[PDB]
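Structure record follows, encoded as structure tokens.
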Amino acid sequence: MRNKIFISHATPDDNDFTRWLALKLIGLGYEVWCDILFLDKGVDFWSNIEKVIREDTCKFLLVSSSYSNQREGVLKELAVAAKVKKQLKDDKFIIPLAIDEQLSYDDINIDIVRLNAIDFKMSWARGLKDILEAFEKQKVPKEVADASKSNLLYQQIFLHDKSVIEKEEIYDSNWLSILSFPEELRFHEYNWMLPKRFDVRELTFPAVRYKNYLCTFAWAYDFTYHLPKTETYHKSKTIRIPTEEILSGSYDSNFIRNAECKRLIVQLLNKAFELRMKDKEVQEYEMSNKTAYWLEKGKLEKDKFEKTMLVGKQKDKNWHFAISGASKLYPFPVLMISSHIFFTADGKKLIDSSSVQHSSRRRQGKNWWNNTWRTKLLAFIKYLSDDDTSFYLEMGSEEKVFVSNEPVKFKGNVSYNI
Amino acid sequence: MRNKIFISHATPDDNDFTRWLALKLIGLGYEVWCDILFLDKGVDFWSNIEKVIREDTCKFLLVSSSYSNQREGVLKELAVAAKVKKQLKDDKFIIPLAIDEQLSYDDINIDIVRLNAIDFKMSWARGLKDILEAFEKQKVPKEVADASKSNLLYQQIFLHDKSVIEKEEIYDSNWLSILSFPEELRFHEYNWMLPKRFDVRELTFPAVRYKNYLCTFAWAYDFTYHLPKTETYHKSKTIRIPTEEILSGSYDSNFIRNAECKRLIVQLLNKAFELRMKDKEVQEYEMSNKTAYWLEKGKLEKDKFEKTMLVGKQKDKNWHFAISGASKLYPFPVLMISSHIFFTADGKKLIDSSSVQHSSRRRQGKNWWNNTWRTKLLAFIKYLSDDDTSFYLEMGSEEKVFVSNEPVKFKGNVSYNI
Amino acid sequence: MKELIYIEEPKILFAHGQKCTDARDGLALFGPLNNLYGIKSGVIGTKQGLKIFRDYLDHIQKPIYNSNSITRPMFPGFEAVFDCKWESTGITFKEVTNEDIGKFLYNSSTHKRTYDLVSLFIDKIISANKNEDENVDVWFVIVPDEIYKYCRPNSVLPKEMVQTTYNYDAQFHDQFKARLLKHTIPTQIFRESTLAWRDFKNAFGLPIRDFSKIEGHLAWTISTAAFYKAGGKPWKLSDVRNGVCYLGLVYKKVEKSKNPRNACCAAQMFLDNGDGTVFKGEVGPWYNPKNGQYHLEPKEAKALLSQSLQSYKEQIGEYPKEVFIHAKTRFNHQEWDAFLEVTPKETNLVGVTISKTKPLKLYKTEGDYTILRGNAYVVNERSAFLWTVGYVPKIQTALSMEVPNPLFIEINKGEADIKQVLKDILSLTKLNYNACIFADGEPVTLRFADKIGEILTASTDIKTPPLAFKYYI
Amino acid sequence: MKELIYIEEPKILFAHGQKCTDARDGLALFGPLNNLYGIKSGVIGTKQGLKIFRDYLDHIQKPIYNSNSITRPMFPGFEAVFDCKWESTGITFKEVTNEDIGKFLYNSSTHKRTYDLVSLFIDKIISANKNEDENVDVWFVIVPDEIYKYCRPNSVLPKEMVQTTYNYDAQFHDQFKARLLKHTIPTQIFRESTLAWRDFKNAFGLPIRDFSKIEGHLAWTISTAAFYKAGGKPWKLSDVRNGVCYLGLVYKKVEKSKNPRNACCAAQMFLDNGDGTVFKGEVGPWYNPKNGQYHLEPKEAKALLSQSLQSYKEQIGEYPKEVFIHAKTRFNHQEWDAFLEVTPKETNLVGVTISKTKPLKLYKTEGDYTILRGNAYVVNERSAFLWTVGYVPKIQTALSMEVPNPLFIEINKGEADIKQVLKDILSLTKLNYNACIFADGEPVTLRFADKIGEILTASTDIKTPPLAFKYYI
DNA sequence: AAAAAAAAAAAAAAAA
DNA sequence: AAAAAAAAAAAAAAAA
RNA sequence: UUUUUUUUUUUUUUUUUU
RNA sequence: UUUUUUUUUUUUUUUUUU
């Protein structure tokens, strides 16, 4: 018996409306057959369409549109449907569907101008309800209404060619591993031997004043230049502490809290990072809270590192790749890094207007996608490297910390394709 | 050409739905032909229906109902419509309309069981919209939608057999004309000659004390019995006033205001009315503000006056027709009357419970229509009459007022028929 | 030979500009003026009471046949007449346990129990408005019959069933609608007796409220009230001239405060630019000292009339040309001096009094039927009698049961043509949006003003009350 | 070898019980959960602005094609998707002359001019609610662009065009929505730039807001917002367990009063008896002294949690079995002591913090695209990172432009299984009824709590504010 | 008056 | 403390 | 404010050290 | 209070007179 539906349309142009109509007709309990309904094609669909129209199709639905009005394939299935119309002796067989307002009823195909069409130009819901009312009027065979099949075929056909897939992928990060730390942290007994109204930022190596003890990893007599009074300190007065257990967190005393002891470490790391990048002779821009460092035009060969560009030219303003480093010890010992972009009018003086700087940065980032960001970040990190596999932060005469020049690798089991 | 509509129905039973359907189809712009559409009938409609179906009818509409399912006339027009169906070669000609929920699709006529029917059992609006959608589907001829013809035929056919008509009718009222008044109103100079702490209600003739002057229409020496001191009054001290100009309202003085002078008249008339009905020896019931007077059982022959009943028997309680009189001088000189009904358990003592009295009065009035009310009111008015054409109120030895026993006649130019 | 004149029946407009004397017929054939897409009805009350409400709603979803079609047109269904579908699905229901009524109804103090029940409903309905994402157009609150007969004044609670505020009045419906004014929630009070009464029987075994012969009429009027509350306009007028404001004054008593204080209220009706009409209450309630004055001082007279003239002006733009002040008590010169002071020269102020006190009764020669509705007995140029209640051919039955009582129309002040004022009252007797009736026995301005005054006299904390009839009738 | 785990995409339910990951697709095919019969939209603003609103409305009455269908589904029309028809006819319009803006906008004082404009709109909309018999579901208020750029703080009025309160804030939209809370009127603020922008051009001759490629998306989101405001539920969840209340805590500043006072607000979501879900704000705003505390005292903690537990109980009947307190700042023991005091033993209280502060950024080996939305880096049993923003295949484009920033989920107190809490946040990122988006970059409880706090910090006279989102978003 | 971890209000712009 | 010409609140009932 | 996202501006507070 | 209508109960005030 005939219980299937044929819907003719322009596949490259009328995909949306045909898909919606097929989905709703299936959900309402009708066996819908369409070209876009099935995923994959063979040489046999040319005969398949004709045999379906001749034997299994009980009724023809045509998507009337400017693209589908005069399409050779559309006209050929229209002719097959029309001949089936003649041999079936069923007047209510061809049901055209006009969905284009630009296609007037006086410009439709000759085989359609004499057939009543359901109006979809104004309201699609009204057209669908008219289709329904006509269909229950014509006693067309149907099954129990069930949208489960609708959603089913929705997943297997639509959105199936591109979705989530399972495959392992390697991932990087802006986190930088720290290879090593000094064996012990030194608190030196200075008291008057260090002036009370003295700032520790200008001192050579990083050092922070906690209570009366100077917090640094360096040797006691390393601060002779900035502190001439420090020539006669007794190293036995140091309360040097095994930093390894500080990282483990096992240490605890009334003298210092482990959270507070770890508090002093990150500030020392930040000061060492700032001092090291000062040693690299790189300029700086003042941020609201942090400090960002960029490169001039001429410091690098062609203002580029490796095969990667780091400083470019845009109209009359020079954009410079910049970084900002923060030391965090909670998840892992990591010198965290961030990406920032700043502009210079001549390449040596920074623009003092914040609004134009922000506008230029966002304009340059508008077209900046994934790969360029990673390339420039990794290039700058490799530029600041002291060795092939790591770079060190100078914060003592014999005390050093090694930080990997390679960002922290991560592994993800789920990815996709373009 | 065929552009008319046939609607078959059970005229004595399915009038409402058929009328509504015809009215709406006409309003939407369709030429509707129906039996109830035309007002008046002849011998020729038997041929008219057949000729309309054969020539002018383009389509058959059937009102499917329990009353119209197996009606010989309905079946004969169904057969004519069906034969027209065959010779016209139009499959969508018969459109049955099922409007009864008690008539299942398995009990409809044989010629209808094979034809799809539009469901009116649940929602009439849904059925009408389905009729429409099918009709625009079938390209049925139509005119421009216009409800003016609908409302037009609504007035000429429906509600036309009974409406407002113009013809003079005579009318009566509860107003009673007053034929005459005394020529002058007397204010007597009593002062100490009438005791200050004396009530005037118990005095024989009506009289009201205004300032120091006694307001009455009677002669000065008529009050000797209740006022023995009044034997030596000088009639020259009276300030008698021409009541005719009081009614005209022309009189005015600082002594008395015309509105206040007219104020004293109505109280005197009310007192005279009360005294006269006391003279008639009729009992009274105390109302909230007024006083109502009724008749016993036995005072009248068969407790009836003329050919009219005035006191009747109902279960164990005796209802009595009662009246209340008010004198009003603003529109016309009229002794206004009202109708009140009271009940007595034995016919001589009134029931002291107000709730049961009200319930009995409303129960007896429930079936009391127009004519009985007028008959009893006019009968009581004729009973209280002193002469054939008028009755008088005794309010002076030689001073009397004549009030017509016939209520005020009115004329109306508009009336109708049952 | 005194003559009686009859005024032609006023014509009320419907959708698509057609006219019909009977509101029911015109609404049935032509539908309401505006298109309402749907009514989201909210139901609150007993869970058992929900079943009766659903049964009545899906009963009126179907056509209803009354006893006699010629006397009263049948009810065909809400969607067929109103072009708006309104089913039992999608209704927002909040459950009210019968125990909650049990704690508060079974209270010795009448006012305390009334306040308790009113609060028990009002707090829940306010929480419904302010808590659920669902939108509700109008609220159908259902209360039992025991509460109805034991939540009103003069109702003595039987001692055997007594189990256990004064600032508010014991009138349940009026207080219920007054406390909702601050939140502007259109609500409708029902009893299940007014609902499908067939469950209830008397001692004899018959329904107490036998509505079988009137079921179509009750469905008609309930549907009309629900549609009007939903924000729809059932019908409008066509014979009212442009630039004509009316106003309707009614005085009511306030017992909660010392001295009755004679609260005064007003309702306003006029026309708009084009064809639209406005029929809204215009109430600024003006209290009047002294026990039985019923005459408000010139200051509040100026306030009232200035407010009315403004509310006309911001809607039209120009002052009304003639104003027919309607009230059912006469006025002295005290109000009229101030009224003339505040009115401009162009405005023609007219004051008309309506009275049922006069017991004028007409008597026909023969027949068991009453007089036409519309006859006028012109006493003089200033006074006349109008019989707006009685028999009209279209409804086949007299609007009254006993002999009708006419309206006493007298123009207290101004000049006024008597024919026009006796013609406007007959037109005004049709705007009873609260009840689907052919006509009303008094101008609706007086009736609706009395209703709004009764509602506004139930609460003393009301400030700037709403003045649309959706929250009142 | 650290491992990355991905949570399956949450499923949100639609009408007739079908499920779809994308809200837009599921709403298009299956429609909204409840049936709304119609939307009576009210329009107030400039008479010229009415034309643009009507043009946009009858534009969206028709299907709209966007730039790329695979990236964003096209907009097919309001009635096709929502099963609710909403046309330009039947809209209630109140005219606002541009001169009225001219008097008040052209004012030197920013706060005074903002209050003047807000009052000029609010008094008219209140009069519209309380005067016309017409019923309005939601109000579409239209304001020009000159007002928009000169009715907010930090907006300097140019001297050449200056022609001519402090208790309220200059934030126009927030104050406008706050002053409407007393009357509970769902309203929507628009600018004609957000409307049909094709009229406006920049100095170059191009529209300032080029929305041609996004027209379908803007129509989708505007239709979704209008439907939600009208009292409809677009979609609901299916993966949330029964007996699970969440609550979302956000702290906001109040500048009108001395000291910021740290106003605190909350939003609540849970399940009902059966399948229904409730997503409503639960705000009792609790002010916190001291400038920068952000930690509320135990008394207000007890008040808040007792109110939330009650509002759960009267809707379900039994206390929630586990509560996942959501906030984007951590808590100290001061609140938790009181919280444990008020909770019963059966309830399992859990506190979760969400932070965007941590600049953890992931880097893929190759490609110009970002990470999946749903990956979780489990730091330990107590802390994890969730990338709710980024690329998802169904929308073909990364939800962000630069490298996404993940959410820092840490269970401050309680025990909590990490997988479940990292699974609930991903589900909660879908309930953005204010914007038809595939997903949101944070749990909607935090976002909507922030929104309601911003609205409630604009007015100081608010008492018992409404707690339904219709009047807020 | 500094130091780092934590804090919200505000503006500018781009695509979704 | 009356008179009448007016005043509103309240309950009881029957049909519309 | 149809949005969402990504930044740039400031300001603030706590724990602690002088 | 879906109504409407018709009553019966009370009470009250004003203008006026002692």
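Here's how to read the names in the structure tokens: chain A, B, ... by the order shown, residue numbers from 1 in each chain, ligand numbers from 1 in the order shown.
For stretch 273-372 of chain D, a DSSP pass over the backbone yields alpha helix (DSSP H) at residues 298, 299, 300, 301, 302, 303, 304, 305, 306, 307, 308, 309, 310, 311, 312, 313, 314, 315, 316, 333, 334, 335, 336, 337, 338, 339, 340, 341 and 342 of chain D.
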As a count of residues only, please: every residue in stretch 231-361 of chain B that DSSP puts in strand (DSSP E).
39
Which residues are near residue F:4? Cut-off 12 Å, only C-alpha atoms (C1' of nucleotides), ignore same chain within fewer than 3 positions. Put them as number ranges by chain.
B: 260, 262-271, 289-290, 326-328; H: 14-16
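Minimum atom-to-atom distances from B:323, B:208, B:414, B:295 to chain H were compared using only C-alpha atoms (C1' of nucleotides), and the lowest value belongs to B:208.
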Skipping near chain neighbours, those fewer than 3 positions away, what residues fall within 7 Å of stretch 309-311 of chain B using only C-alpha atoms (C1' of nucleotides), listed as a PyMOL selection string?
chain B and resi 303-305+319-321+376
With a distance threshold of 12 Å and counting only C-alpha atoms (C1' of nucleotides), extract the residues of chain C near chain F and express them as a count of residues only.
57
List as CSV every residue of chain G that is in contact with chain D, defined as an atom at most 10 Å from one of its atoms (using only C-alpha atoms (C1' of nucleotides)), together with the nearest atom pair and the distance in Å rounded to one decimal, sorted by chain and then rising number.
residue,atom,partner,partner_atom,distance
G:1,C1',D:173,CA,6.3
G:2,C1',D:222,CA,5.2
G:3,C1',D:435,CA,6.1
G:4,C1',D:440,CA,7.5
G:5,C1',D:400,CA,4.8
G:6,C1',D:402,CA,5.9
G:7,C1',D:402,CA,9.4
G:12,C1',D:292,CA,6.4
G:13,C1',D:292,CA,4.3
G:14,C1',D:293,CA,7.7
Can I get the selection written as a PDB file, in the first residue's frame, with N, CA and C atoms (P, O5', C5', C4', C3', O3' and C1' of nucleotides)?
ATOM      1  P     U G   1      16.185  43.823  29.973  1.00  0.00           P
ATOM      2  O5'   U G   1      17.510  44.144  29.152  1.00  0.00           O
ATOM      3  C5'   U G   1      18.442  45.112  29.620  1.00  0.00           C
ATOM      4  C4'   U G   1      18.473  46.324  28.725  1.00  0.00           C
ATOM      5  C3'   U G   1      19.319  46.201  27.460  1.00  0.00           C
ATOM      6  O3'   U G   1      18.715  46.965  26.417  1.00  0.00           O
ATOM      7  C1'   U G   1      20.105  48.001  28.756  1.00  0.00           C
ATOM      8  P     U G   2      18.599  46.367  24.931  1.00  0.00           P
ATOM      9  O5'   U G   2      18.458  44.800  25.159  1.00  0.00           O
ATOM     10  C5'   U G   2      17.251  44.127  24.843  1.00  0.00           C
ATOM     11  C4'   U G   2      17.518  42.715  24.398  1.00  0.00           C
ATOM     12  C3'   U G   2      18.609  41.985  25.161  1.00  0.00           C
ATOM     13  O3'   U G   2      18.169  41.461  26.401  1.00  0.00           O
ATOM     14  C1'   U G   2      18.944  41.688  22.847  1.00  0.00           C
ATOM     15  P     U G   3      19.025  41.734  27.731  1.00  0.00           P
ATOM     16  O5'   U G   3      20.192  40.654  27.672  1.00  0.00           O
ATOM     17  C5'   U G   3      21.428  40.969  27.053  1.00  0.00           C
ATOM     18  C4'   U G   3      21.934  39.825  26.214  1.00  0.00           C
ATOM     19  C3'   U G   3      23.255  39.223  26.660  1.00  0.00           C
ATOM     20  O3'   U G   3      23.101  38.289  27.714  1.00  0.00           O
ATOM     21  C1'   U G   3      23.325  39.634  24.336  1.00  0.00           C
ATOM     22  P     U G   4      23.924  38.467  29.081  1.00  0.00           P
ATOM     23  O5'   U G   4      25.280  37.677  28.813  1.00  0.00           O
ATOM     24  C5'   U G   4      25.256  36.301  28.467  1.00  0.00           C
ATOM     25  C4'   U G   4      26.311  35.969  27.444  1.00  0.00           C
ATOM     26  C3'   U G   4      27.748  36.225  27.859  1.00  0.00           C
ATOM     27  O3'   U G   4      28.286  35.212  28.686  1.00  0.00           O
ATOM     28  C1'   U G   4      27.398  37.107  25.706  1.00  0.00           C
ATOM     29  P     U G   5      29.409  35.587  29.771  1.00  0.00           P
ATOM     30  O5'   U G   5      30.742  35.726  28.911  1.00  0.00           O
ATOM     31  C5'   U G   5      31.188  34.667  28.077  1.00  0.00           C
ATOM     32  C4'   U G   5      32.201  35.154  27.075  1.00  0.00           C
ATOM     33  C3'   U G   5      33.401  35.886  27.654  1.00  0.00           C
ATOM     34  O3'   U G   5      34.403  35.002  28.125  1.00  0.00           O
ATOM     35  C1'   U G   5      32.526  37.115  25.831  1.00  0.00           C
ATOM     36  P     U G   6      35.305  35.402  29.391  1.00  0.00           P
ATOM     37  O5'   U G   6      36.458  36.307  28.770  1.00  0.00           O
ATOM     38  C5'   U G   6      37.317  35.800  27.760  1.00  0.00           C
ATOM     39  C4'   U G   6      37.900  36.911  26.927  1.00  0.00           C
ATOM     40  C3'   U G   6      38.649  37.989  27.692  1.00  0.00           C
ATOM     41  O3'   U G   6      39.978  37.618  28.010  1.00  0.00           O
ATOM     42  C1'   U G   6      37.154  39.001  26.165  1.00  0.00           C
ATOM     43  P     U G   7      40.642  38.109  29.387  1.00  0.00           P
ATOM     44  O5'   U G   7      41.711  39.195  28.928  1.00  0.00           O
ATOM     45  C5'   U G   7      41.851  40.423  29.626  1.00  0.00           C
ATOM     46  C4'   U G   7      41.669  41.596  28.699  1.00  0.00           C
ATOM     47  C3'   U G   7      42.060  42.956  29.246  1.00  0.00           C
ATOM     48  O3'   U G   7      43.457  43.184  29.202  1.00  0.00           O
ATOM     49  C1'   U G   7      39.963  43.112  28.167  1.00  0.00           C
ATOM     50  P     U G  12      41.281  53.576  48.284  1.00  0.00           P
ATOM     51  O5'   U G  12      40.481  52.285  48.767  1.00  0.00           O
ATOM     52  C5'   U G  12      39.118  52.375  49.154  1.00  0.00           C
ATOM     53  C4'   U G  12      38.525  51.012  49.408  1.00  0.00           C
ATOM     54  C3'   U G  12      39.207  50.184  50.485  1.00  0.00           C
ATOM     55  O3'   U G  12      38.788  50.538  51.791  1.00  0.00           O
ATOM     56  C1'   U G  12      38.846  48.846  48.568  1.00  0.00           C
ATOM     57  P     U G  13      39.824  50.498  53.018  1.00  0.00           P
ATOM     58  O5'   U G  13      39.569  49.076  53.687  1.00  0.00           O
ATOM     59  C5'   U G  13      38.271  48.503  53.709  1.00  0.00           C
ATOM     60  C4'   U G  13      38.324  46.994  53.700  1.00  0.00           C
ATOM     61  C3'   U G  13      39.374  46.348  54.589  1.00  0.00           C
ATOM     62  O3'   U G  13      38.997  46.312  55.952  1.00  0.00           O
ATOM     63  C1'   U G  13      39.341  45.277  52.476  1.00  0.00           C
ATOM     64  P     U G  14      40.116  46.182  57.099  1.00  0.00           P
ATOM     65  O5'   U G  14      40.462  44.627  57.126  1.00  0.00           O
ATOM     66  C5'   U G  14      39.460  43.665  57.423  1.00  0.00           C
ATOM     67  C4'   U G  14      39.888  42.277  57.022  1.00  0.00           C
ATOM     68  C3'   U G  14      41.132  41.743  57.712  1.00  0.00           C
ATOM     69  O3'   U G  14      40.865  41.229  59.006  1.00  0.00           O
ATOM     70  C1'   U G  14      41.302  41.359  55.391  1.00  0.00           C
TER      71        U G  14
END
Quick one: which residues from chain B are at most 8 Å off chain A, using only C-alpha atoms, as a ChimeraX atom specification?
/B:116,130,133-134,137
Residues of the last selection are to be written out with N, CA and C atoms, as a short mmCIF file (atom, residue, chain, number, x, y, z; two decimals), in the first residue's frame.
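Just written: again-v6.cif:
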data_model
loop_
_atom_site.label_atom_id
_atom_site.label_comp_id
_atom_site.auth_asym_id
_atom_site.auth_seq_id
_atom_site.Cartn_x
_atom_site.Cartn_y
_atom_site.Cartn_z
N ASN B 116 -17.42 12.00 5.23
CA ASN B 116 -16.77 12.67 6.34
C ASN B 116 -17.63 13.83 6.83
N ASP B 130 -13.42 25.04 10.57
CA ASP B 130 -13.17 23.91 9.67
C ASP B 130 -14.00 24.04 8.40
N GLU B 133 -12.17 26.79 6.30
CA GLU B 133 -10.95 26.29 5.67
C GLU B 133 -11.25 25.32 4.53
N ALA B 134 -12.24 24.44 4.71
CA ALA B 134 -12.63 23.57 3.61
C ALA B 134 -13.19 24.37 2.44
N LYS B 137 -10.66 26.05 0.61
CA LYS B 137 -9.92 24.99 -0.06
C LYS B 137 -10.58 24.60 -1.38
#
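All of the residues in chain H within 7 Å of chain B are residues 8, 17 and 18 of chain H, where only C-alpha atoms (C1' of nucleotides) were counted.
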May I have the residues from that selection written out with C-alpha atoms (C1' of nucleotides), as a PDB file, in the first residue's frame?
ATOM      1  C1'   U H   8     -40.523  44.236  54.507  1.00  0.00           C
ATOM      2  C1'   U H  17     -43.242  75.432  64.611  1.00  0.00           C
ATOM      3  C1'   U H  18     -43.628  75.446  70.045  1.00  0.00           C
TER       4        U H  18
END
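All of the residues in chain C within 6 Å of chain B are residues 2, 3, 4, 80, 361, 362, 363, 364, 368 and 393 of chain C, where only C-alpha atoms were counted.
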Selection above as a file: N, CA and C atoms, as a PDB file, in the first residue's frame:
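The result, written out as part-v7.pdb:
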ATOM      1  N   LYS C   2     -53.529  63.894  29.282  1.00  0.00           N
ATOM      2  CA  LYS C   2     -52.083  63.831  29.438  1.00  0.00           C
ATOM      3  C   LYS C   2     -51.489  62.766  28.523  1.00  0.00           C
ATOM      4  N   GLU C   3     -50.348  63.090  27.921  1.00  0.00           N
ATOM      5  CA  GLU C   3     -49.733  62.267  26.893  1.00  0.00           C
ATOM      6  C   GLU C   3     -48.468  61.604  27.422  1.00  0.00           C
ATOM      7  N   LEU C   4     -48.211  60.392  26.937  1.00  0.00           N
ATOM      8  CA  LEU C   4     -47.042  59.609  27.312  1.00  0.00           C
ATOM      9  C   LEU C   4     -46.141  59.445  26.095  1.00  0.00           C
ATOM     10  N   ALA C  80     -16.930  30.524  21.324  1.00  0.00           N
ATOM     11  CA  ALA C  80     -17.799  30.870  20.204  1.00  0.00           C
ATOM     12  C   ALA C  80     -18.241  32.325  20.273  1.00  0.00           C
ATOM     13  N   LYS C 361     -47.082  54.308  40.191  1.00  0.00           N
ATOM     14  CA  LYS C 361     -47.295  52.996  39.595  1.00  0.00           C
ATOM     15  C   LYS C 361     -48.335  53.142  38.498  1.00  0.00           C
ATOM     16  N   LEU C 362     -48.023  52.645  37.303  1.00  0.00           N
ATOM     17  CA  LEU C 362     -48.964  52.743  36.194  1.00  0.00           C
ATOM     18  C   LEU C 362     -49.787  51.467  36.077  1.00  0.00           C
ATOM     19  N   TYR C 363     -51.004  51.593  35.555  1.00  0.00           N
ATOM     20  CA  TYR C 363     -51.955  50.490  35.512  1.00  0.00           C
ATOM     21  C   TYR C 363     -52.561  50.421  34.119  1.00  0.00           C
ATOM     22  N   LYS C 364     -52.321  49.316  33.415  1.00  0.00           N
ATOM     23  CA  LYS C 364     -52.913  49.132  32.097  1.00  0.00           C
ATOM     24  C   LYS C 364     -54.333  48.594  32.219  1.00  0.00           C
ATOM     25  N   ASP C 368     -51.991  40.588  31.395  1.00  0.00           N
ATOM     26  CA  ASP C 368     -51.192  40.163  32.538  1.00  0.00           C
ATOM     27  C   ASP C 368     -49.736  40.598  32.419  1.00  0.00           C
ATOM     28  N   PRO C 393     -40.226  43.829  24.513  1.00  0.00           N
ATOM     29  CA  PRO C 393     -40.622  42.686  23.675  1.00  0.00           C
ATOM     30  C   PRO C 393     -39.521  41.669  23.415  1.00  0.00           C
TER      31      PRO C 393
END
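Among the candidate residues A:92, A:307, A:237, A:201, the one lying nearest to chain E is A:201, with distances computed using only C-alpha atoms (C1' of nucleotides).
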Atom CA of residue D:446 to atom CA of residue D:413, straight-line distance in Å
18.5 Å
